[PDB]
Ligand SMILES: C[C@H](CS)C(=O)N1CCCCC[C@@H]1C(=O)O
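Listed next as structure tokens is one chain, alone, in the form solved without this ligand.
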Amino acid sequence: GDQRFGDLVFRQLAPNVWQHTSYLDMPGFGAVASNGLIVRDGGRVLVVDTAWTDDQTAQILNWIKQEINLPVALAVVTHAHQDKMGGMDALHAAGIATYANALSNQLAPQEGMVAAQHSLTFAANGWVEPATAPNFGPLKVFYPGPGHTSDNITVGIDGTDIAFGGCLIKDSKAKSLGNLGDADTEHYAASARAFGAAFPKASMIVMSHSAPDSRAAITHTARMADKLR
């Protein structure tokens, strides 16, 4: 069951995998939830995405200390928007090694974000260049193409049925594709489908702005995105 911890919510999804959820009261929209992941890999913890703020991200680290009590070896963040990278300073203050798409790091200052310490680069087929993601353990990083943003990346978790679409994917009942301000409308549908094709065995799709869903999240997202082009 959901665990309320301060102003955040944590949900166990699998052995060794939890979803973190944080909220930003954005004037004109409401209080917007954003989800990321926490993965235990043996004697260390790996984080996917910050919370919206430094204070909230420090609370994620406090929850990890309380509930897992192992060091956080690294974090990977999935594009240069506040819901995914707003808490980078808190990660750095904690001594955690941070990673983002090279393009996210390039974009970070202009987006009002602090860059990660390390840049991921990607092969033409979308898989991360392995030398740029050292010690990622079960995290399998894939660039599906431009969609929600030009820089959006995705993460599969080996040893589980889980793949994380970040803000690219919406659930199977969503009425819209959410924040398209920085979107690539031409390529969105193909990028959503490429995410699915990269992680064909994933039966639980985790995403930023919906609760976990089946692979119908991918097909529905792509079908909605067909209407953008």
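Numbering starts at 1 and follows the sequence shown.
Although it is not shown, the form deposited with this ligand bound is what the next lines describe.
The site on this chain is blocked, since this ligand, superimposed from its pose in the deposited bound form on the surrounding C-alphas, has 3 or more atoms within 2.4 angstroms of backbone or C-beta atoms. Contact with this ligand in the deposited bound form, judged by any heavy atom within 4.5 Å, is made by just one of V32, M204, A198, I68: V32. Listed residues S172, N179, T185, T160 were compared with this ligand in the deposited bound form; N179 is the one with a heavy atom within 4.5 Å. The partner is not drawn, yet in the deposited bound form one stretch among 133-141, 78-86, 95-103, 119-127 has residues with heavy atoms inside 4.5 Å of this ligand: 78-86. Using a 4.5 angstroms limit between non-hydrogen atoms, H220 is distant from this ligand in the deposited bound form. Using a 4.5 angstroms threshold between heavy atoms, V47 stays clear of this ligand in the deposited bound form.
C167 belongs to the set of residues with a heavy atom inside 4.5 Å of this ligand in the deposited bound form.
Taking the partner from the other structure, this ligand in the deposited bound form has a heavy atom within 4.5 Å of a heavy atom of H209. Within 4.5 angstroms of this ligand in the deposited bound form, the stretch 107-126 places no non-hydrogen atom at all.
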